[PDB]
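**Student:** My questions will all concern the structure given below.
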Amino acid sequence: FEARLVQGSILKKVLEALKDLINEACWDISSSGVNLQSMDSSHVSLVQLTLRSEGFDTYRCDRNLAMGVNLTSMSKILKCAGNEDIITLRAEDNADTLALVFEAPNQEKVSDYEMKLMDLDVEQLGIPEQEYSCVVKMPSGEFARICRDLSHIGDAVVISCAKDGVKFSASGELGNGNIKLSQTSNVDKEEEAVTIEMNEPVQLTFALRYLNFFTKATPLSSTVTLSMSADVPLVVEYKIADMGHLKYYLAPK
Amino acid sequence: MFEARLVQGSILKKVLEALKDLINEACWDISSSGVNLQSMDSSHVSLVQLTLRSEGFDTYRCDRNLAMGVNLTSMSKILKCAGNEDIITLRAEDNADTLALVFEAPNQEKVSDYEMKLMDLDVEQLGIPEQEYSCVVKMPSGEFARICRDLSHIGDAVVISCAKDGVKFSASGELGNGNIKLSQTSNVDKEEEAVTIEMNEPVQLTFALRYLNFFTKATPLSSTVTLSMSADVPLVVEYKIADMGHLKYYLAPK
Amino acid sequence: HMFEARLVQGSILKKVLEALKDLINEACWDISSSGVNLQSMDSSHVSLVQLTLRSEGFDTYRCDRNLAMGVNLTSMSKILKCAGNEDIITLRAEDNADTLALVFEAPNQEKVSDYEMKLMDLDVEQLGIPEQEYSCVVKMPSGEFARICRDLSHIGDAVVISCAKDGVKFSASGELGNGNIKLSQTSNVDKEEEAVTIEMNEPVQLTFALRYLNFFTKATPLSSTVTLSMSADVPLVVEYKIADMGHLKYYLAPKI
Amino acid sequence: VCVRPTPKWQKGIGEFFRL
Amino acid sequence: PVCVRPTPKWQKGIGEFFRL
DNA sequence: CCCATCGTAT
DNA sequence: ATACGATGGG
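Line by line, the protein sequences are chains B, A, C, E and D.
Counting along the first sequence from 1, when you hit position 246 you're at 247 in PDB author numbering, and nothing is skipped either side.
Counting along the second sequence from 1, when you hit position 58 you're at 58 in PDB author numbering, and nothing is skipped either side.
Counting along the third sequence from 1, when you hit position 40 you're at 39 in PDB author numbering, and nothing is skipped either side.
Counting along the fourth sequence from 1, when you hit position 10 you're at 62 in PDB author numbering, and nothing is skipped either side.
Counting along the fifth sequence from 1, when you hit position 18 you're at 69 in PDB author numbering, and nothing is skipped either side.
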């Protein structure tokens, strides 16, 4: 398996997003590309990364490998990589090893790191096809700020999806707080827009702890898509360029 | 009733950073004239007096005179939510234990509104008088900020000596001794960067650097500070707030 | 009577003392007509540092006799941190006080700090430094070298510098895995300043503790270039030059 | 951000998904 | 991010190389 | 060269 | 749980 990524800063961004939520996880390499799917320490939330081979330069995969990586380990190694560096994954089928090679732009420095793989009992989970009562698309940043701000009011947030806009509310010791995101009538902020596909109205409750973890992915995308129905796991999705996506799953009240 | 619409919301935010390390809870005094606040520090060492004149707000309406008991640490955490470019509005009803802070972003798109629980505070408002002052230094807020930080590393008290020529600040301890001499500005194109002295009598007072360093958390409100001093009398550090009012600290010399 | 040394570019005195303070608690400055010298071992007696600021580099330099000032560098650092980076710093001492005066004139010309620090009595001991030919001598960007030592500090606790004709390689290992950084020699690109140059006589493959290298790199602000200089079982010399004023040289013994 | 805890009333993702 | 790694056992001091 | 973000120690 | 210094961006 060999995979040359021009924009190396992605593999770096990905691993910051994940490492607060997952210690160790199984990368599933195939001709089609790189997939990953894990639950959190606490078995509360679920993350699924999907990076399609189309998005790499060199992509070659002979057999389907299932590499057990320690994400905290792999992050510390990836933090070495320059953000403008051309990153390449190489792994030799046999061996408990994954090679990350980093070429800098001057073409005159080249790092290469070998990290020790793990054997992982990957409890394979099966994420159903669902239609969704509501689906907000909004700026990753905006959503990030809301979750940070309301984390100061209380420990749960109440997302109310409606025809004309979305509301987020939280309460506690200090008081109460309501944040009302109206819909963008298109052609403004430039992309910095809020769009809604509301079939059935919803008011769901979620713990802000986990939302605030999921938002660590914010660097990957200027847009986040929240997708909801009564007592069915909310799906926070960050799309990765033209290459894949990252999806979080959290069960509501 | 009371509603007060502030276009430049970053001021209400700056105010509350300046206060929150010095005062836990305090009584806001709302009136037709505007917003006044006056508290001592937890430790009964210093006093702060905030004055925001109604003229400085956009909308200001205040029926009768309310005395709102706010927890400043609480109100800060809520104001930290507000974007710095956001249009902040205070609303509070008569007979009521709550103050509403509404924050509209510039995009016109996002709008926060927070409700905080008020408390009952008896506070026997001091009464500060006009006083004449042996010395009055007017200098850059930054300069003064730096001096207090630097000397805080030498020890825990600073010695402000006012003279005709200039002002001097000295402190001593473990490391050694340090003297910082601010001469008066000869040219001074700009206020931002000038040192001015109004010396009547010479003075040498001693103050705790702990409290000075608290007072300097107000530095964002103004490019200028004014220190004002007399032989047996609380120092007054004063930060003026753009078209709105002022913030004044009072510290009694050691 | 008196020593006085006026440095227009004050940020140097500041930079020097950041470079030294993680390595040395207390040391004897050797002040003389010729200039300011310092030569100390570290707390643990592992490495050696030799600072040399030549009088020609100061604006005012006057030294009436030789002083040997015992300074507490922790103290002197905290005092120098007060000085603005654009400040005109002046070091002044009489033969008849136990004290060193650091006076700071800000660039605005209306503010002036002056600090008085107490000197100390230091039973020193000055090491003899022998003339030495060097199997290898890398000259590279201070930054590059800084990054390498930081990065590999995350792999483990020693780094293996292999010098060859073609280029230099740095390798380290530990719990997580293994790590190799190959720095090939520069033909050019922009223009000196950001080049890798090698003076290889004999190939060398030496092992060094990353703890100490990472201390030495705290000097990086003084120079855009560093020079590593190496031989079988002979202390490595990391050297930062200070703008036609002097230099700072660290000495660390390799694995044997 | 203020350090949060996980509400007692949280369900596991196990009750929603499986193999 | 910089790791301050302990001082290797195999470290020699500069004392054994230079003297008064 | 000043302002904005990060990380630990009390 | 809150303060105060350390690091990086513009």
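Every residue, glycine too, gets a C-beta built ideally from N, C-alpha and C.
(1) Identify every run of the beta strand (DSSP E) within the region 128-179 of chain A, keeping only runs that are complete inside it and at least 3 residues long; order them along the chain.
(2) From what residue to what residue does the alpha helix (DSSP H) around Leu12(C) run?
(3) I need the straight-line Cα distance from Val111(A) to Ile147(B), nearest angstrom please.
(4) On a Cα-Cα basis, can you pick out the residue from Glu55(A), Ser39(A) and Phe214(A) that is closest to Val48(A)?
(5) Would you call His153(C) buried or exposed, if buried means 16 or more other Cβ atoms sit within 10 Å of its Cβ?
(6) Identify the contact partners of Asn179(C) in chain B, using a Cβ-Cβ distance below 9 Å as the criterion.
(7) Nearest to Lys110(C) by CA position, among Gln184(A), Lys240(A), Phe207(A) and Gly245(A), is which residue?
(8) Using the three-state DSSP reduction, which class does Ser39(B) fall into: helix, strand or coil?
(9) Listed in chain order, which residues of the region 136-158 of chain A have Cβ atoms closer than 9 Å to some Cβ of chain C?
(10) If you pair each beta-carbon of the region 134-150 of chain B with each one of the region 214-222 of chain B, do three or more pairs fall below 8 Å?
(11) Among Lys248(A), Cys135(A) and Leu22(A), which residue has its Cα nearest to the Cα of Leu72(A)?
(12) Quick check: is the beta carbon of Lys20(A) nearer than 8 Å to any beta carbon in chain B?
(13) Touching or not, the region 155-165 of chain B and the region 125-132 of chain B, by the rule of three or more beta carbon pairs under 8 Å?
(14) Hey, out of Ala26(B), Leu6(B), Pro106(B) and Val15(B), whose CA is closest to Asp122(B)'s CA?
(15) Looking only at C-alpha atoms, which of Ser223(A), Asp41(A), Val137(A) and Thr59(A) sits nearest to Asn200(A)?
(16) So with CB distances below 7 Å, who are the chain B contacts of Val188(C)?
(17) Where does the unbroken alpha helix (DSSP H) through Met75(B) begin, and where does it stop?
(18) What residue range is occupied by the uninterrupted alpha helix (DSSP H) comprising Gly142(C)?
(19) State the Cα-Cα distance for the pair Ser186(A) and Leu79(B), rounded to the nearest angstrom.
(20) Output needed for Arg61(A): all residues of its chain with C-beta closer than 6 Å, excluding positions within five of it in sequence on either side, in chain order.
(21) Taking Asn107(A) as the reference, which of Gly9(B), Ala194(B), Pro106(B) and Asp232(B) has the closest Cα?
(22) If you measure beta-carbon to beta-carbon, which residues of the region 99-129 of chain C are closer than 8 Å to chain A?
(23) Nearest by alpha-carbon distance to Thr219(C): which of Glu132(C), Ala100(C) and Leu16(C) is it?
(24) Let me know if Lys190(C) comes out buried or exposed under the rule of 16 or more other beta-carbons within 10 Å of its beta-carbon.
(25) Expressed to the nearest angstrom, what Euclidean distance is found between the alpha-carbon atoms of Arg5(B) and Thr59(B)?
(26) Taking the alpha-carbon of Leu227(B) as reference, which of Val167(B), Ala171(B), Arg53(B) and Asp243(B) has the nearest alpha-carbon?
(27) Would you call the CB atoms of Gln131(C) and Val237(C) closer than 8 Å?
(28) At least one CB of chain B closer than 8 Å to the CB of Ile23(A): is that the case?
(29) Measuring CA to CA, which of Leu47(C), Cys62(C) and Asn24(C) is closest to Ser33(C)?
(30) Let's see if you can read the secondary structure: which residues bound the alpha helix (DSSP H) around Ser74(C)?
(31) For a contact defined as C-beta to C-beta under 9 Å, what are the partners of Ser74(C) on chain A?
(32) By DSSP's criteria, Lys181(B) is part of a beta bridge. Which residues make up the other side?
(33) For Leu221(B), I'd like the list of residues in its chain whose CB is within less than 6 Å of its CB, leaving aside the five on either flank, ordered along the chain.
(34) Tell me, please, which residues DSSP counts as bridged to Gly176(C).
(35) Tell me whether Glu174(A) is buried or exposed, calling it buried when 16 or more other Cβ atoms sit within 10 Å of its Cβ.
(36) What are the boundary residues of the alpha helix (DSSP H) that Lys13(A) is part of?
**Tutor:** Checking against the coordinates, here is how it stands:
(1) 135-140, 157-162 and 166-172
(2) Working through the third sequence from its first residue, we reach residue 12(C) at position 13. Run containing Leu12(C): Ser10 to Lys20, per the alpha helix (DSSP H) assignment.
(3) The residue labelled residue 111(A) in the question sits at position 111 within the second sequence. The residue labelled residue 147(B) in the question sits at position 146 within the first sequence. In a straight line, the C-alpha of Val111(A) is about 11 Å away from that of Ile147(B).
(4) Within the second sequence, numbered from 1, the residue matching residue 48(A) stands at position 48. Selected option, being the one with the closest Cα: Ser39(A).
(5) Looking up residue 153(C) in the third sequence gives position 154. That one is buried.
(6) Residue mapping note: residue 179(C) aligns to position 180 of the third sequence, counting from 1. Simply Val111, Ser112, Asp113, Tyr114 and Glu115.
(7) Position 111 of the third sequence, counted from the start, is the residue given in the question as residue 110(C). The shortest C-alpha separation from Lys110(C) is found at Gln184(A).
(8) Within the first sequence, residue 39(B) is the residue found at index 38, counting from 1. The answer is strand: DSSP assigns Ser39(B) an E or B state.
(9) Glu143, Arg146, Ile147, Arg149, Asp150, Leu151, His153 and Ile154
(10) yes
(11) The residue given as residue 72(A) occupies position 72 in the second sequence. Residue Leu22(A) is the option with its Cα nearest to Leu72(A).
(12) Residue numbering aside, residue 20(A) sits at position 20 when the second sequence is read from its first letter. No, its Cβ sits nowhere closer than 8 Å to a Cβ of chain B.
(13) no
(14) Taking the first residue of the first sequence as 1, we reach residue 122(B) at position 121. Here the closest residue by C-alpha is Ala26(B).
(15) Counting from one through the second sequence, the residue named residue 200(A) turns up at place 200. Closest option to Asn200(A), Cα to Cα, is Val137(A).
(16) Residue numbering aside, residue 188(C) sits at position 189 when the third sequence is read from its first letter. Under the 7 Å cutoff, chain B gives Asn107.
(17) To locate residue 75(B), count along the first sequence from 1; it is residue 74. Where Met75(B) is concerned, the enclosing alpha helix (DSSP H) stretches over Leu72 to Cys81.
(18) The count along the third sequence starts at 1 and reaches residue 142(C) at position 143. Run containing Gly142(C): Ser141 to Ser152, per the alpha helix (DSSP H) assignment.
(19) In the second sequence, counting from the first residue as 1, residue 186(A) sits at position 186. In the first sequence, counting from the first residue as 1, residue 79(B) sits at position 78. Roughly 56 Å separates the two Cα atoms.
(20) In the second sequence, counting from the first residue as 1, residue 61(A) sits at position 61. Contacts found: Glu3.
(21) Here residue 107(A) refers to the residue found at position 107 of the second sequence. Of the candidates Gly9(B), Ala194(B), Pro106(B) and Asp232(B), the one whose C-alpha sits nearest the C-alpha of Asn107(A) is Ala194(B).
(22) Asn107, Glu109, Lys110, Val111, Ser112, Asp113, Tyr114, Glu115, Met116 and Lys117
(23) In the third sequence, residue 219(C) corresponds to position 220, counting from 1. Ranking the options by Cα distance to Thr219(C), first place goes to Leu16(C).
(24) Along the third sequence, read from residue 1 onward, the residue named residue 190(C) stands at position 191. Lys190(C) comes out exposed.
(25) Taking the first residue of the first sequence as position 1, residue 5(B) is located at position 4. Taking the first residue of the first sequence as position 1, residue 59(B) is located at position 58. Whole-angstrom Cα-Cα distance: 5 Å.
(26) On the first sequence, residue 227(B) is found 226 positions in, with the first residue counted as 1. Looking at the Cα atoms, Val167(B) is the closest of the given residues.
(27) Taking the third sequence and counting its residues from 1, the one referred to as residue 131(C) is at position 132. Taking the third sequence and counting its residues from 1, the one referred to as residue 237(C) is at position 238. Their beta carbons are not under 8 Å apart, which means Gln131(C) does not touch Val237(C) by this criterion.
(28) Sequence index remark: in the second sequence, residue 23(A) carries index 23 (1-based). Not one chain B Cβ lies under 8 Å of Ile23(A).
(29) Sequence index remark: in the third sequence, residue 33(C) carries index 34 (1-based). When only C-alpha atoms are compared, the closest one is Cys62(C).
(30) Taking the first residue of the third sequence as 1, we reach residue 74(C) at position 75. Run containing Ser74(C): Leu72 to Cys81, per the alpha helix (DSSP H) assignment.
(31) Numbered from 1 along the third sequence, position 75 holds the residue referred to as residue 74(C). Those are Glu174, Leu175 and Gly176, listed as they occur along chain A.
(32) For the purposes of this step, residue 181(B) is identified with residue 180 of the first sequence, where counting begins at 1. Answer by DSSP bridge pairing, in chain order: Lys168(B) and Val111(A).
(33) As a first step, residue 221(B) must be located in the first sequence, where it is residue number 220. Correct list, in chain order: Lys14, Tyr239 and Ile241.
(34) Mapped onto the third sequence, residue 176(C) falls at position 177. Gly176(C) pairs with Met116(B).
(35) Start at 1 with the first residue of the second sequence, and residue 174(A) comes out as number 174. Burial call: exposed.
(36) The sequence position of residue 13(A) within the second sequence is 13, counting from 1. First-last of the alpha helix (DSSP H) with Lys13(A): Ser10 to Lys20.
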